[PDB]
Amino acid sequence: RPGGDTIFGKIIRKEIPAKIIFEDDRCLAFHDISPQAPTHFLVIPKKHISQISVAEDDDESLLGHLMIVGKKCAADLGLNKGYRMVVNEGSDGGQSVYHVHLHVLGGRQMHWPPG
């Protein structure tokens, strides 16, 4: 099954419901079920890549597309004071789902350090 069987692969194939913000042939943006800010969504590739550390050189356009879609969705959601984009890698990064994903958080002041 295209996208794999992580929760995110299931969401891509409409097998598990999600609150979808934007969808194209390359990616999907949807709200996080455990939000850490008043607005907290995810942008994921439809292609399954387990983690950023194994992304290939030719994935550059796709990874950049996640950011472009993320910033467009943030504007569409009225995050006019800004937002934070996060990619978690591995154990120290706090990655819990091994399908690459970009978090976008806003609607409150984000603090430093970022975790």
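Numbering starts at 1 and runs along the sequence shown.
Student: On average, which has the higher Cα B-factor in the deposited entry, 50 to 58 or 63 to 71?
Tutor: 50 to 58 has the higher mean C-alpha B-factor.
Student: Tell me, lowest, middle or highest third: where does the Cα B factor of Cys27 rank within its chain?
Tutor: Lowest third.
Student: Please place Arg1 in the lowest, middle or highest third of its chain according to the CA B-factor in the PDB entry.
Tutor: For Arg1, the deposited C-alpha B-factor lands in the highest third.
Student: Consider only the C-alpha atoms of the modelled residues in this chain, order them by B-factor as the entry records it, and name the third containing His103: lowest, middle or highest.
Tutor: Within its chain, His103 is a lowest-third residue by C-alpha B-factor, going by the deposited values.
Student: What third of its chain's C-alpha B-factors does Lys19 belong to: lowest, middle or highest?
Tutor: Middle third by C-alpha B-factor.
Student: In terms of the CA temperature factor given in the entry, to which third of its chain does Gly90 belong: lowest, middle or highest?
Tutor: For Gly90, the deposited C-alpha B-factor lands in the highest third.
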